[PDB]
Protein chains: 2
Amino acid sequence: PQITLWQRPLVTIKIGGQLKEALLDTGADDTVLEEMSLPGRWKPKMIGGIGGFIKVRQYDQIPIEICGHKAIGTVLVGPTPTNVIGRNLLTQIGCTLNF
Amino acid sequence: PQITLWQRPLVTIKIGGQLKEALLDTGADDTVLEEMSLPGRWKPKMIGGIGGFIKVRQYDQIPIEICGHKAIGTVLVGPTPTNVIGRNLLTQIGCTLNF
Ligand SMILES: C=CCNC(=O)[C@@H](NC(=O)[C@@](O)(CCCN(Cc1ccc(-c2ccncc2)cc1)NC(=O)[C@@H](NC(=O)OC)C(C)(C)C)Cc1ccc(CC=C)cc1)C(C)C
Ligand SMILES: [Cl-]
Ligand SMILES: [Cl-]
Ligand SMILES: [Cl-]
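Residues numbered from 1 in each chain as written, not as in the entry; some residues may be left out. Chains lettered and ligands numbered in written order. Heavy atoms only, no water.

For this coordinate set, the PDB header names X-ray crystallography as the determination method and states a resolution of 2.35 Å.

The PDB entry annotates chain A as PROTEASE originating from Human immunodeficiency virus.

A. Representation of the site of ligand 1 in the model. Surveying the vicinity of ligand 1 reveals 26 residues, the closest of which are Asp 25, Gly 27 and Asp 29 of chain A together with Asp 25 and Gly 48 of chain B. Surrounding ligand 1 are residues belonging to chains A and B, so the site spans chains. One nitrogen or oxygen atom from the side chain of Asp 25 of chain B is found 3.1 Å from an oxygen atom belonging to ligand 1. Residue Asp 29 of chain B places a main-chain N or O atom 3.0 Å away from an oxygen atom belonging to ligand 1. Contact with the protein chains hides 83% of the accessible area of ligand 1, taken as 1000 Å² for the molecule alone. Secondary structure elements with two or more residues in the shell around ligand 1: β5 (43-49) of chain A together with β5 (43-49) of chain B. If one sorts the elements of the shell around ligand 1 by residue count, β5 of chain B sits on top with three residues. Split by residue class, the shell around ligand 1 holds 10 nonpolar, eight polar and eight charged. (Near = heavy atom within 4 Å. Polar contact = N/O pair within 3.5 Å; in protein donor to acceptor, adjacent residues only side chain to side chain. Areas by Shrake-Rupley, 256 points an atom, 1.4 Å probe, with all protein chains shown as cover. Helix = DSSP H or I, 4+ residues; strand = E, 2+ residues; numbered from the N terminus. Nonpolar A, V, L, I, M, F, W, Y, C, P; charged D, E, K, R; others polar.)

Below you can see the structure in the form of C-alpha cells.
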C-alpha cells in the first residue's frame, strides 16, 4: 500500500501467533519488540537510541507478518517505548521511501 | 525520488545557512538536530526514544530545505546522537512509505 505520515505509521504484525501493533521506522537499523516469549537461544546486543543505550535479547530467523506481508528475520526484545519495525524487515517486505 | 532501505536513508538539508546530513525517519514525531544556532523564540522540551529522554530547545516556523524541497516547521535542537527528520517535515515534502 501507500502510507502517508500525517499520523504514526502504526500497523498490525503477527509473531508467534499473536497480533501486535508496531511502528514502521526507517530511522531504525533493527527491529525491536517489547518483552515477549520467543523460541530458541538468544545473543546479546547493545543498541543506541536518541536517549542512550539499552541491552536487548537477539533472536534470529523468526517468522513475522507485517501488514500480512510474510518475513523471517532477526527480532530484538527489550525495554523499548514501542514496538518498532526497522529496515532489516522493511526490506524483506519490499518497502521504499517515495517523494 | 524513490529511496531504498538497503542503507540508512541519509539526505542533505540546508537550514539556517548551513548544510547538514540527516536521517529520514518515518517513526519520528519530530525533527531533531545536533547543537546549532537558530534565530527567534524557543522553549524547552523533553523528547523520548530508545534509552530514555533528552532535553532540547524547540523553535517553530523554521525554514528548511530537504533534497531541494522547501518546507517550514518545528525544529528541535539538542544533544541527539544523530540528525533526524521526523514526520512533521516529511509530510510537507510529500514523502510516503510504499510496498
Ligand atoms: C517525543 C515523541 C516520541 N519520540 C520520537 O518520536 C522519537 N523517535 C524515536 O526515538 C524513533 O523514531 C527512533 C529514532 C531513530 N533512531 C536513530 C538513531 C540512530 C542511531 C543512534 C547512534 C545512535 C545512538 N547512540 C550512538 C550512535 C540514535 C538514534 N534510531 C534508533 O533509535 C534505532 N537505532 C539505530 O538504528 O541505531 C543504528 C533503534 C530504534 C533500533 C534504537 C523510534 C521511536 C518512535 C516513537 C517513539 C515514541 C512512541 C511511543 C519512541 C521511539 C524522536 C526521535 C522524535
Ligand atoms: Cl534480519
Ligand atoms: Cl511543525
Ligand atoms: Cl498527502
